[PDB]
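None of the figures in this text is laboratory data; all of them are computed from the coordinates on show. Cβ: placed from backbone, ideal geometry, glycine included. Neighbour counts: every protein chain shown.
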RNA sequence: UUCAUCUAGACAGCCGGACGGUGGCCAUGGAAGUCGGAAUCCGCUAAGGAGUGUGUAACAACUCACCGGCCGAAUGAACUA
């Protein structure tokens, strides 16, 4: 306690012996486990997984797009029957 | 020996006034300084920097009208090391620093004077 | 401990209702329906440089 | 379309050059051949860019063309038929590895004496024995690691202990922010053919105690159109 | 240090607490950072004794004139705080 | 002093699509820019009625043009999100384009000369539909900073004399900005019900000419230009010894408002009477009268002190788009959806001459400074130069 | 619902003078409870800074934290001493003003909530 | 009702667990002010308090659900209540990150 | 809301005041500061509801300008 | 199926280079490519971002982007079914 004590602890002793290898291996196995979760996770969890993956794909597409792209009427007439926006609506029964 | 204590706007006390008396009247700017350190003696003097030399030639802002000859004198001041063949190229090298500072060389942006140089409208005495 | 398993038997009411669902959707799609670029001479064909010669 | 490795894409400014760069180098060497009188081959296998820039600034009149071996081979001519001038593949065949092909109009002996008198300090560059021997002290290791009085230096940064422990295979512990070992690790002996990790250890400790002197093999004169071989280092 | 650090000890069968505070600069005081305002509020609020360390020496990267200047700057906080000065060796 | 305009031009040709914007120079009755429905613009030598310095670089419709009050630079905003600066002598682009906006440009303004420090050039304040107002250092051609307070389109922007920018947007609010406070919004003016069109100021003629009266004589040095423009500004801003510039607004609620934006945040008067919307407003160069052009086939005259009604100019038969003044504050020219221009004597409150000769909707019109020509252009792709 | 030019038009209009007089009379009337309006259905009764723009929750506190100095700053350094002493006195005062050990009070009987019910 | 109760339980754990920056001690008050910007602190916690709105939505939509005459109507009302809750929480993205 | 003028289903429903989809209502607009030529403030305008509020507690509508 | 790279050597691996003005300008207790805001230029180059990430209180060091050496013939991306 008292301040960023674990940051001090990591500076003084340091994280573990088996920390960097394991992190590398987790990052490597994540490619397998992503597909493993796709072919598994029946139901709502699989649906949400697919939603997340689609959103993540769109985000990276837009990021790459932004990278590669960052590499007659007048002003006043621009921005421009007496029928209401809803004639012929569904008919309601008295019942 | 040598150290660099730029740090401006053993015996670590007397080095303070030894540095300040290298910047007595000029500079009042964050210049770079070289300290040749003998036993406990601090022979401290400014090493020329392009940004500081430009800002001498002129939150804070910058608009210079450096007049195209003070930059040439700066290019002569630090064509020493310079890794460059000709003064006509060191001048472009310094005009880039001026562009980053945000100055206004003669009355144009210095990239346009680089255009005039490499196009053949501005001369350099070699 | 393995759990249940859904059944594949079709229980006739369902296949009647599906036939009716599709017979209705076909009419709806036919009603909404009321509202080329030749791909070329594809590569990997070895004798493609000869089709360019019967033109004139 | 699947069970492949995904390429790790990253979004930087620079982009690959392609065949246009090589054609440009080709045209440059071929138009400089007609211009300058003497042309030399320099073997520069492991260099620093400031050393190369010093060599270039030594003469702004003469040219130095680096690039790909096989491109310069084609510009000169590897076959006796395919060649720009006469007896030129005789020179082009000498190119071994990283070749910096120089053009000049200057006397032979100035170049010959310059490129044997020119010598600098450099790292020991593995697959090359080093004329030094280092036992690290058996206490706390410092940024220079047994080269100067420790009262000048500071202990190295704790962030390097995973590197030293795993990649360099040093037995390493740390007591507080300082790195520590129990016994004096010997890294190398003089006349010992160096390996990658020994070289990286000496680089990390900042030891440029190897003599970089550029080697020159051959030399070709346009007016005579003759080759001449002189291994000079 | 960018924060307050606390320690305890027992003196005369009584718990005391010592507080190390990160730092103060001479800073004409209508502009200062949130790290020095910690020190200022701690010195102002608490009912302590207060030990100013001077370090009479060329060390410190700070001159004795600046040290006494800071002391004279922050002595209005010291009006009821039981001050002591310690020299840590013309 | 200024005489009415009677005779036309030939039907001059050039950039062959719809004309959209028009502007005379501030120092000559002979140089005029037009931006068209192609991605180009063109300068014209009015004395000869000849096309000159055709001007490319955009890739969509040129919408807005403006001439620097010193007369050295031209600026063009287009339907693409870019602004391009031009030298009129070369007829060439001055560096690359000044991009940074996300949607098309609506209005432009230049820093008035009497605030520019000597030996420096006037900045460029640009608006845009994306809801932002950018400030460009025109000599380094880079954004100084933006103002991103608004939500909807910014229809108008105006740089005043007291270092203040006034912007009018479709969010029914007029925002004031003290550029000396690093582009901080200080006051927001909320009285309109519909969306704002063509904010205007009292001293904008002076701020536009910048030490260039009806004589055409150029100042010697920028040190003289500062004083010669500052006196022109102060002789009309010191109408009563203390300086005030009036601001007027127009909106699609069939109404204008009149503000003294520093003396008070509330409006003095709400000028009503138009049946359809107001599209263009104009103070007189002397800052005495105000005039409003509406889509109800009408133009209306007001006094620029208390917002009182004077009279109504009539004669048009379709949508009025905009108007312009003479420098003598006696003659008013108006454009319309009909093919006619029309001149109005303001003293007798009467039409002086109806100017047909176009063949379609006339979108832009402008009067020279000295009163020697009026340029007009629209859908018929043929710019006309009507003179006495 | 058929088209009509009578839609899209102002259906209910009022002049400013009548409006303000109507406001005044009813502000007079409807403060007095003994008074009462007669029809009440034909009558129009309907006629009667923020710092987050500057600081973004993230420049204030967090890994980014572009906030080194305060704006809640007193000058004349003795002034914050005068403040701190006043605040400590106020605090000690509130303490004795409003002035646990492992026992509780019994449940409120359910009969006291009988008037209260859906 | 369960969806309402969950949100208000969560928000109450935030409001009661966090300290009142006034009403503590002047020293701690000033310290936490120079650390966390008292204004931002109070503003975030007031945002959460006013969001604890969810009760209003739950009560209103339950009282509306009493008159549901069909499964589709009742389902759409349920969806509407939960969606308005979601909108309220979506408008709480930055204060929670701060807190 | 000020009134209901036209529910397209059986104008009895107008007198009852039923807000079904397509219903046309008078709403107050004094908050917008609309004013006619002459200076008379407008405080009532027609609007058409766009939703079925039996399914949603909201009554969402579009102004008829 | 389409588009690209390739014996003037492609893809993957190791090795080396990865520079100079420059610790570019604002800012700050400190920030040097990498807490942030805005420029984002030139030089020398085979190539080397006023810098892709790890990291340091700040430097350092490592890394990729890009180039070259060894290796010696196919390879990559986007799509459709």
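Checking each residue in the stretch B:52-92 for being under 23 Å from residue F:117 (Cα atoms) and either within 14 Å of chain D (Cβ to nearest Cβ) or touching a strand residue (DSSP E or B) at 6+ places or on another chain (Cβ under 6 Å) (or both) picks out only B:66. Taking the criterion of being surrounded by 12 or more Cβ atoms within 10 Å (Cβ to Cβ), within 12 Å of chain G (Cβ to nearest Cβ) and outside any helix (DSSP H, G or I), the residues of the stretch H:14-32 that qualify are H:24, H:25. Tell me which of these residue F:182 doesn't satisfy, since it passes every other one: (1) over 21 Å from residue F:262 (Cα atoms); (2) within 14 Å of another protein chain (Cβ to nearest Cβ); (3) surrounded by fewer than 18 Cβ atoms within 10 Å (Cβ to Cβ). It is condition (1) that residue F:182 fails.
Residue D:145 fulfils the conditions (1) within 15 Å of RNA strand J (Cβ to nearest atom); (2) in a loop (DSSP other than H, G, I, E, B); (3) at negative phi except for a single criterion, (3). Of the residues making up the stretch H:77-98, those that are within 12 Å of chain I (Cβ to nearest Cβ), over 13 Å from the mean Cα position of the chain (by Cα) and crowded, with 16+ Cβ neighbours inside 10 Å are H:77, H:80, H:81. Considered as a group, the residues in the stretch B:28-53 that are within 12 Å of RNA strand J (Cβ to nearest atom) and in a loop (DSSP other than H, G, I, E, B) include one that is surrounded by the most Cβ atoms within 10 Å (Cβ to Cβ), and that residue is B:31.
Would you say residue G:73 is within 16 Å of RNA strand J (Cβ to nearest atom), within 14 Å of chain E (Cβ to nearest Cβ) and at positive phi?
Spelling it out, it is not the case that residue G:73 is within 16 Å of RNA strand J (Cβ to nearest atom), within 14 Å of chain E (Cβ to nearest Cβ) and at positive phi.
Residues of the stretch D:129-141 that are surrounded by fewer than 17 Cβ atoms within 10 Å (Cβ to Cβ) and under 28 Å from the mean Cα position of the chain (by Cα): D:129, D:131, D:132, D:133, D:135.
Among the residues making up the stretch D:171-210, those that are within 13 Å of chain A (Cβ to nearest Cβ) and within 14 Å of RNA strand J (Cβ to nearest atom) are D:174, D:176, D:177, D:178, D:179.
Please find, among G:82, G:94, the residue that is surrounded by 10 or more Cβ atoms within 10 Å (Cβ to Cβ) and more than 21 Å from residue H:42 (Cβ to Cβ). Going through G:82, G:94 in turn, the sole match is G:82. When you check residue B:104 against the structure, is it within 14 Å of chain D (Cβ to nearest Cβ), surrounded by 14 or more Cβ atoms within 10 Å (Cβ to Cβ) and more than 9 Å from RNA strand J (Cβ to nearest atom), yes or no? No; evaluated as a whole, the condition is false for this residue.
Checking each residue in the stretch F:230-244 for being assigned to a helix (DSSP H, G or I) and either touching a helix residue (DSSP H, G or I) at 6+ places or on another chain (Cβ under 8 Å) or within 14 Å of residue F:305 (Cα to Cα) (or both) picks out F:230, F:232, F:233, F:236, F:237. If we only count strands (runs of 3 or more DSSP E) wholly inside the stretch F:274-356, which ones have 2 or more residues that are in contact with a helix residue (DSSP H, G or I) (Cβ under 9 Å, 6 or more places away or on another chain)? Result: F:278-283. Of G:41, G:10, all but one fail to be more than 13 Å from RNA strand J (Cβ to nearest atom), surrounded by 11 or more Cβ atoms within 10 Å (Cβ to Cβ), within 14 Å of chain I (Cβ to nearest Cβ) and in a loop (DSSP other than H, G, I, E, B); the exception is G:10.
For the stretch G:50-67, state whether one or more residues are closer than 30 Å to residue E:78 by Cβ, in contact with a helix residue (DSSP H, G or I) (Cβ under 8 Å, 6 or more places away or on another chain) and more than 10 Å from chain H (Cβ to nearest Cβ). Walk me through how you get there before you give the answer.
Start the filter on the stretch G:50-67 by keeping residues that are closer than 30 Å to residue E:78 by Cβ, which leaves G:67.
From what is left, the residues that are in contact with a helix residue (DSSP H, G or I) (Cβ under 8 Å, 6 or more places away or on another chain) are G:67.
Among the residues that remain, those that are also more than 10 Å from chain H (Cβ to nearest Cβ) are: none.
Checked the stretch G:50-67: no residue is closer than 30 Å to residue E:78 by Cβ, in contact with a helix residue (DSSP H, G or I) (Cβ under 8 Å, 6 or more places away or on another chain) and more than 10 Å from chain H (Cβ to nearest Cβ).
Of the strands (runs of 3 or more DSSP E) lying entirely inside the stretch F:66-169, those carrying at least 3 residues that are within 20 Å of residue B:108 (Cα to Cα) and in contact with a strand residue (DSSP E or B) (Cβ under 9 Å, 6 or more places away or on another chain) are F:83-87, F:133-137, F:142-147. Exactly one residue out of D:144, D:165 is more than 22 Å from the chain's Cα centre (by Cα) and within 25 Å of residue D:122 (Cα to Cα): that is D:144. For the stretch I:20-31, check the following and say yes or no: at least one residue is within 11 Å of chain G (Cβ to nearest Cβ), over 20 Å from residue A:92 (Cβ atoms) and surrounded by 18 or more Cβ atoms within 10 Å (Cβ to Cβ). Within the stretch I:20-31 (the criterion being within 11 Å of chain G (Cβ to nearest Cβ), over 20 Å from residue A:92 (Cβ atoms) and surrounded by 18 or more Cβ atoms within 10 Å (Cβ to Cβ)), the answer is yes, since at least one residue qualifies.
Quick one: in the stretch F:344-366, of everything that is surrounded by 20 or more Cβ atoms within 10 Å (Cβ to Cβ) and over 19 Å from residue A:76 (Cβ atoms), which residue is farthest from the chain's Cα centre (by Cα)? The qualifying residue farthest from the chain's Cα centre (by Cα) is F:355.
On the stretch given as the stretch C:3-56, residues that are away from every other protein chain (no Cβ under 14 Å), away from RNA strand J (no atom under 16 Å from the Cβ) and not in a helix (DSSP H, G or I) total 13. Where helices (runs of 4 or more DSSP H) fall entirely within the stretch A:5-78, those with at least 3 residues that are more than 14 Å from chain F (Cβ to nearest Cβ), more than 16 Å from RNA strand J (Cβ to nearest atom) and surrounded by 10 or more Cβ atoms within 10 Å (Cβ to Cβ) are at A:20-38, A:44-70. Screening residue B:95 against (1) in contact with a strand residue (DSSP E or B) (Cβ under 8 Å, 6 or more places away or on another chain); (2) more than 9 Å from RNA strand J (Cβ to nearest atom); (3) within 14 Å of another protein chain (Cβ to nearest Cβ) leaves a single unmet condition, (2).
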